[PDB]
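Participant: Here it is: the structure, laid out below.
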Amino acid sequence: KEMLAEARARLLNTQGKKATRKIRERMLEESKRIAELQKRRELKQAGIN
RNA sequence: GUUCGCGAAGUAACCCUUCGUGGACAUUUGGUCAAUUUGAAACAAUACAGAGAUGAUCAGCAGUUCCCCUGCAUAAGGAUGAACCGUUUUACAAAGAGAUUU
């Protein structure tokens, strides 16, 4: 079970670690961007332009 | 200011000096530029991570670029110098069959 599960973990390893960290970084860009828009929508319902 | 020419005074003085006059010598610099923020250097300070193939640890050389840096450089180095991976629909048809409006 352990060896078969590790084998089907490694056969999924399609993207490289630079592509993995780029998917990670683009996810962080979308999360920071939606947090920035969240903060702006709060300050815009507040009135602070 | 220097010189050349002339006149007038000292002065009935061809010496000298003064005053006045005409000429000549000499003729248009420098600034794309103003002396602390507000016409733009970048590093460093904080905090976190901490490298391209994949199971790990790595040598690289390249390519694209509306990214450059260090380099005297057409050498070399900068993590293989860095970003590359992300979305992803129509030069769009033809034949055949049934179920529908008239």
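Just remember, in the structure tokens the first chain shown is A, the second B, etc., residues are 1-based per chain, and ligands are 1-based in the order shown.
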Which neighbours of region 60-67 of chain B fall inside 8 Å, counting only C-alpha atoms (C1' of nucleotides), when residues of the same chain fewer than 5 positions from it are skipped, and could you give them as JSON, numbers by chain?
Facilitator: {"B": [80, 82, 83]}
Participant: May I have the residues from that selection written out with N, CA and C atoms (P, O5', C5', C4', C3', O3' and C1' of nucleotides), as a PDB file, in the first residue's frame?
Facilitator:
```
ATOM      1  P     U B  80      23.974  28.247 -11.919  1.00  0.00           P
ATOM      2  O5'   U B  80      23.584  27.909 -13.426  1.00  0.00           O
ATOM      3  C5'   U B  80      23.489  28.938 -14.397  1.00  0.00           C
ATOM      4  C4'   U B  80      23.154  28.411 -15.763  1.00  0.00           C
ATOM      5  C3'   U B  80      22.491  29.404 -16.695  1.00  0.00           C
ATOM      6  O3'   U B  80      23.404  30.320 -17.272  1.00  0.00           O
ATOM      7  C1'   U B  80      21.351  27.347 -16.803  1.00  0.00           C
ATOM      8  P     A B  82      18.602  32.454 -14.214  1.00  0.00           P
ATOM      9  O5'   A B  82      17.544  33.624 -14.019  1.00  0.00           O
ATOM     10  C5'   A B  82      17.165  34.050 -12.721  1.00  0.00           C
ATOM     11  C4'   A B  82      16.204  35.208 -12.773  1.00  0.00           C
ATOM     12  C3'   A B  82      14.933  34.994 -13.578  1.00  0.00           C
ATOM     13  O3'   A B  82      13.987  34.089 -12.982  1.00  0.00           O
ATOM     14  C1'   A B  82      15.891  37.013 -14.241  1.00  0.00           C
ATOM     15  P     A B  83      12.522  34.460 -12.404  1.00  0.00           P
ATOM     16  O5'   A B  83      11.649  34.916 -13.654  1.00  0.00           O
ATOM     17  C5'   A B  83      10.315  35.361 -13.452  1.00  0.00           C
ATOM     18  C4'   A B  83       9.694  35.913 -14.709  1.00  0.00           C
ATOM     19  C3'   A B  83       9.137  34.892 -15.684  1.00  0.00           C
ATOM     20  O3'   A B  83       7.842  34.458 -15.337  1.00  0.00           O
ATOM     21  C1'   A B  83      10.450  36.445 -16.855  1.00  0.00           C
TER      22        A B  83
END
```
Participant: Pull out every residue of chain B sitting within 12 Å of chain A, counting only C-alpha atoms (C1' of nucleotides), and send them as a list in words.
Facilitator: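 The selection requested is residues 49, 51, 52, 53, 54, 55, 83, 84, 85 and 86 of chain B.
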